[PDB]
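Counting along the sequence shown from 1, when you hit position 176 you're at 179 in the entry's author numbering, and nothing is skipped either side.
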Amino acid sequence: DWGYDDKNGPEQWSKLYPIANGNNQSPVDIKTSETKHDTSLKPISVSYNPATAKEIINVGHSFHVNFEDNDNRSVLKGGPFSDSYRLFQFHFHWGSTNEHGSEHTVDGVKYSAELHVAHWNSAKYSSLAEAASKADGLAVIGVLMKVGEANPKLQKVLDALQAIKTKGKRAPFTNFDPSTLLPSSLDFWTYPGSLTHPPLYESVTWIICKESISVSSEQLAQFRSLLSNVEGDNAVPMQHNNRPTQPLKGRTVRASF
Ligand SMILES: NS(=O)(=O)c1ccc(NC(=O)NCCNCc2ccc(Br)cc2O)cc1
Ligand SMILES: [Zn+2]
């Protein structure tokens, strides 16, 4: 099984998942002197229905908030896309201390955490499982989280963690619109990339917001106090789950601004 420790972590993923050394891997460092402004990029449009929120799950290396994805109640449109993409999940990545924790970096700068809002191409495919391995199958919005003031918009998420403290626990998580977590401006960078952990499919069009959102040192501590072990075993806090940045291999990061 893969993870983030020294024996099963990102530097070893290539043994079971050779795509880890591929040409479209994520995350990346966005060098702003090398980005290309593309006037053809449209604004990002998100329209999410809070009734699609379903469940929060401790998946061992992280926690996931999942959404009902049987129809187009919650969709992402615009940006580089001609297809509509259906929301299915959001989750976070974080690091061992405040000085790192984001997955993407901007001009070498590491942030404290990163929010991922993930969608699948329902115009072309019939399910997440079909879409997840297709080059145009997934769209993920990344938001860099800068340590500073406590972010009240995270409250429902943080309040839910006490009920999913150990691996495999899950609980209803309803009536929540994750567009409330996005920054005020949706100016973005986009590039073709991958899932940031196994199976590492090169199926993701990334949308990285220029504006960060805030998170406090104590809110990050709540993430790190989640446990990767099953109930009854020795407690193993989820200290970190961010992958190092990967080579661009000639890809172009486009800017909407
Ligand atoms: N950090 S991230 O880059 O935003 C990120 C990382 C991982 C994921 N993973 C995901 O969504 N689904 C798992 C793989 N697809 C389902 C699948 C796989 C194999 C078989 Br067999 C059947 C299946 O249904 C999403 C976003
Ligand atoms: Zn992620």
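Every residue gets a Cβ at the ideal spot worked out from N, C-alpha and C, and that includes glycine.
Bounding residues of the beta strand (DSSP E) (the contiguous stretch that carries residue i)
i, result
"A121", "116-124"
"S48", "47-50"
"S136", "Taken as a continuous stretch (DSSP letters only), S136 belongs to no beta strand (DSSP E), as it is neither H nor E."
"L90", "88-97"
"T208", "207-212"
"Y194", "191-196"
"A174", "173-175"
"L79", "78-81"
"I167", "Run containing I167: none; DSSP gives neither H nor E here."
"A54", "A54 -> no beta strand (DSSP E), and no H or E assigned at all."
"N69", "66-70"
Residue i: CB within 7 angstroms of a non-hydrogen atom of ligand 1
i, result
"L118", "no"
"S29", "yes"
"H40", "no"
"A135", "yes"
"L184", "no"
"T199", "yes"
"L19", "no"
"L44", "no"
Buried versus exposed call for residue i [16 or more other C-beta atoms within 10 Å across all chains shown]
i, result
"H40", "exposed"
"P181", "buried"
"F260", "exposed"
"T35", "exposed"
"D72", "buried"
"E117", "buried"
"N237", "exposed"
"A142", "buried"
"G63", "buried"
"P13", "buried"
Cβ distance (whole Å) where residue i is taken to contact residue j below 8 angstroms
i, j, result
"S136", "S206", "6 angstroms"
"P21", "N178", "Not quite, the Cβ-Cβ distance comes to about 42 angstroms (not below 8 angstroms), so this is no contact."
"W209", "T38", "13 angstroms between Cβ atoms; not a contact."
"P30", "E106", "4 angstroms"
"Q222", "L157", "6 angstroms"
"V146", "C212", "5 angstroms"
"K170", "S228", "Going by Cβ atoms, the distance from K170 to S228 rounds to 14 angstroms, so no, they are not a contact pair."
"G111", "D32", "6 angstroms"
"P201", "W5", "5 angstroms"
beta-carbon residue i near ligand 2 non-hydrogen atom, thresh 7 angstroms
i, result
"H103", "no"
"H107", "no"
"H64", "no"
"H243", "no"
Endpoints, alpha helix (DSSP H) assigned at residue i
i, result
"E221", "220-227"
"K18", "16-19"
"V160", "158-163"
Distance cut-off 7 angstroms: residue i Cβ against heavy atoms of ligand 3
i, result
"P202", "Of the ligands one can find in the structure shown, namely ligand 1 and ligand 2, none is ligand 3."
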